[PDB]
Amino acid sequence: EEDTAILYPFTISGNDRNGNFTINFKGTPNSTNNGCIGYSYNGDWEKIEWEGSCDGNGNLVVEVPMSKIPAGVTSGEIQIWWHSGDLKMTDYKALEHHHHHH
Ligand SMILES: C[As](C)(=O)[O-]
């Protein structure tokens with residue numbers, strides 16, 4: 001699982017579930033891609049799947065409602081699974097956290 005995916009750990013509030021978890025990916029223009037927002041919940045690893053294509057500028061914005069992550073969850077990993085060309089996460093915003101991946 002971890003070993004074949006490209007990994008981006010995160011932590012969040014256990015309580016606040018307003019808005020979206022928004023993720024910016026940069027990659028080959030017109031590539032197709034998928035992955036998840038994974039997290040631990042009561043000792044299970046749960047996955048919210050995402051998928052999309054990069055546009056002509058190489059950009060892919062993924063939006064996942066925060067409501068999909070159960071209350072009490074405080075940590076996880078954004079993962080890239082399939083990437084037809086190149087893909088990397090550059091940024092995400094969840095709740096009050098504006099994160100840049102250097
Ligand atoms: C605010 As930061 C250190 O997660 O880019």
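- The name that the PDB entry assigns to the chain is Carbohydrate binding module, with the source organism given as Ruminococcus flavefaciens.
- Under its PDB record, the entry appears with the title "Very high resolution structure of a novel carbohydrate binding module from Ruminococcus flavefaciens FD-1 endoglucanase Cel5A".

1. Examining the side chain of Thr-90
Right, on to step 1. Mapped onto the elements of the fold, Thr-90 is located in strand 7 (residues 87-94).
Right, on to step 2. For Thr-90, the contacting residues outside a window of four places in its chain are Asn-24, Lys-26, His-99, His-100 and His-101.

2. With respect to the site of the ligand
Right, on to step 1. In the vicinity of the ligand, the contacting residues are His-97, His-98, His-99 and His-100.
Right, on to step 2. One nitrogen or oxygen atom from the side chain of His-97 is found 3.2 Å from an oxygen atom belonging to the ligand.
Right, on to step 3. A distance of 2.7 Å is found between an oxygen atom of the ligand and a side-chain nitrogen or oxygen belonging to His-99.
Right, on to step 4. Per-class residue counts for the shell around the ligand are no nonpolar, four polar and no charged.

3. Topic: the sheet that holds strand 6 (residues 75-83)
Right, on to step 1. Overall, antiparallel pairing links the four strands, which are arranged 1-6-3-4 in an open sheet. The open sheet terminates on both sides in strands that have one partner only, identified here as strand 1 (6-11) and strand 4 (44-53). For this sheet the average axis-to-axis angle between neighbouring strands, irrespective of direction, equals 20 degrees.
Right, on to step 2. As paired strands, strand 1 and strand 6 are joined by six bridges and run antiparallel to one another. When the bridges of strand 6 are listed, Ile-6 appears paired with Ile-80.

4. Re the sheet that holds strand 7
Right, on to step 1. One open sheet accounts for four strands, arranged 5-2-7-8; its pairing is antiparallel. Each edge of the sheet is formed by a strand with only one pairing partner; in this case those strands are strand 5 (59-65) and strand 8 (97-100). Going from strand to strand, the sheet's axes swing by 20 degrees on average, the running direction of each strand aside.
Right, on to step 2. Where strand 2 (residues 20-27) and strand 5 come together, seven bridges link them in antiparallel fashion. Bridge pairing links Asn-20 to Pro-65 in strand 5.

5. Considerations on the packing of aromatic side chains
Right, on to step 1. One pass over the full model with this rule turns up four aromatic pairs.
Right, on to step 2. Centre to centre, the rings of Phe-10 and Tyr-92 are 6.4 Å apart; their planes meet at 70 degrees, and the pair counts as edge-to-face. Taken together, the positions of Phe-10 in strand 1 and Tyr-92 in strand 7 put the pair 82 residues apart, joining distant regions of the chain. The same class applies to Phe-10 and to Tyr-92, which are both buried.
Right, on to step 3. Measuring from centroid to centroid gives 5.4 Å for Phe-21 and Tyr-92, while their planes differ by 45 degrees, and the two rings are tilted. A residue pair is termed long-range when its members are at least 10 positions apart, and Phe-21 in strand 2 and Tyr-92 in strand 7 qualify at 71 residues.

What counts, and where the lines are drawn
Residues numbered from 1 in each chain as written, not as in the entry; some residues may be left out. Heavy atoms only, no water. Residues with missing side-chain atoms left out of burial classes, pairs and counts. Helix = DSSP H or I, 4+ residues; strand = E, 2+ residues; numbered from the N terminus. Contact = heavy atoms within 4.5 Å. Near = heavy atom within 4 Å. Polar contact = N/O pair within 3.5 Å; in protein donor to acceptor, adjacent residues only side chain to side chain. Nonpolar A, V, L, I, M, F, W, Y, C, P; charged D, E, K, R; others polar. Pairing = 2+ DSSP bridges. Axes fitted to C-alpha atoms, helices over the stretch in contact; angles between N-to-C directions. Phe/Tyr/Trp six-rings, centres within 6.5 Å; stacked < 30°, edge-to-face > 60°. Buried < 20%, exposed > 50% of the residue type's maximum accessible area, 1.4 Å probe, protein only.

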